[PDB]
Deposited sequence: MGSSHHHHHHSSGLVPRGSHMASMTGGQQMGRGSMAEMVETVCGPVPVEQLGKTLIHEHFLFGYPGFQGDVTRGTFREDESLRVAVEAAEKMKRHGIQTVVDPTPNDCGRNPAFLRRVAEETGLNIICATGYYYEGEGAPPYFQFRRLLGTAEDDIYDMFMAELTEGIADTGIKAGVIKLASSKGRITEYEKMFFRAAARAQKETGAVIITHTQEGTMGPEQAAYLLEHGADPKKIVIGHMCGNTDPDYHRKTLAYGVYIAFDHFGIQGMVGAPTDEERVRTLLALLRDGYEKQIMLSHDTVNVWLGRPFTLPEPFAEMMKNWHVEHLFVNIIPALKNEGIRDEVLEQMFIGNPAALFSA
């Protein structure tokens, strides 16, 4: 009936059109050490984040799921400032990123102590049912992430703790897959530990261009996310649309959701992409799906009711019991 947002409990039937995977803030672990030259400017960052929220609102978006990992600069209070200013529903996550772009030393040390897995479960439960730090904000999803070609022993601790927390709370699980790998493996591992398939979204599935890889993942009954639209230079958007069309014709519309995985404000030092990498990444923004991708899908005969199923129907079903 209800889902926890950065502005408290909100009725699931009031979520409406949703983007399942976007970041208002994000930083690669280690950004904190570059504080001198890469200070977080809160006033300017809020202006940019509000601008992004208003851009999404213009295309009918009422809800955004922001799955920024705990070790990647997650800031629930900042998200609340964006939500209070715009009226946009923002759902945040509890969880850590994968090894390659995460900060494993902390929980690797606690693994040696023999408490890590219990500590992670304790963290999940606290942030889902009590609140994150002193913010008073509860996470609405659990964020999981795996490495390229494997779910590491470090990562598996989080996977097992997430499934355990999922059993107790009924919380949604949002995942990260690295370079189009471990899609079926994530689904299998979670269901083996008792997680609800109708509460799991396997993310970054667009990173793979083989439809059989998708069908294998979809067979577990889980949701999949084509959530990297705009990121190319990694498959192209043309390849993403091609894969998506093949699945929609097979009738997998009730298991697919779309997003950009944007980073609207980068934490740490500002940077500029070289050419032609910057030109290839020009469409990586929150309006891309609505300005470019959806029109391209409708040019390929995708009806409004199919698009509404992905953006409105699926998120509503995902967060409902």
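Comparing the deposited sequence with the modelled residues shows gaps at 1-36, 270-272, with numbering starting at 1.
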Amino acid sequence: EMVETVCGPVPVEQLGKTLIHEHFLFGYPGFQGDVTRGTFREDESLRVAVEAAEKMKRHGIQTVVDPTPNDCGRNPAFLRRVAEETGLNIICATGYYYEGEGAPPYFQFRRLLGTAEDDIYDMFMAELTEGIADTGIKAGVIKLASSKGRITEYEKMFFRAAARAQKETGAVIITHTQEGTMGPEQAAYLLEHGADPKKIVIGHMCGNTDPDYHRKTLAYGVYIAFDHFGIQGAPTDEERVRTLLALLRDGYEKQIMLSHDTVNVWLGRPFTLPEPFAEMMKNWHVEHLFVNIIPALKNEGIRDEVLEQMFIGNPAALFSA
From here on, numbers count along this sequence of modelled residues.
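186-194 and 68-76 differ in mean CA B-factor, and the higher of the two is recorded for 186-194. As recorded in the PDB entry, 209-217 is the stretch of 195-203 and 209-217 with the greater mean C-alpha temperature factor. Looking only at 138, 176, 160, 240, the residue with the top Cα B factor in the deposited structure is 240. Take 264, 32, 272, 63 and read off each C-alpha B-factor from the entry; 272 has the highest.
In the PDB entry, a CA B factor belonging to the middle third of its chain's modelled residues is recorded for residue 166. For residue 181, the recorded CA temperature factor ranks within the middle third of the chain's modelled residues. Annotation for residue 115: CA B-factor lies in the middle third of the chain's modelled residues. When all modelled residues of the chain are sorted by CA temperature factor, residue 17 is found within the middle third. In the PDB entry, a CA B factor belonging to the middle third of its chain's modelled residues is recorded for residue 290.
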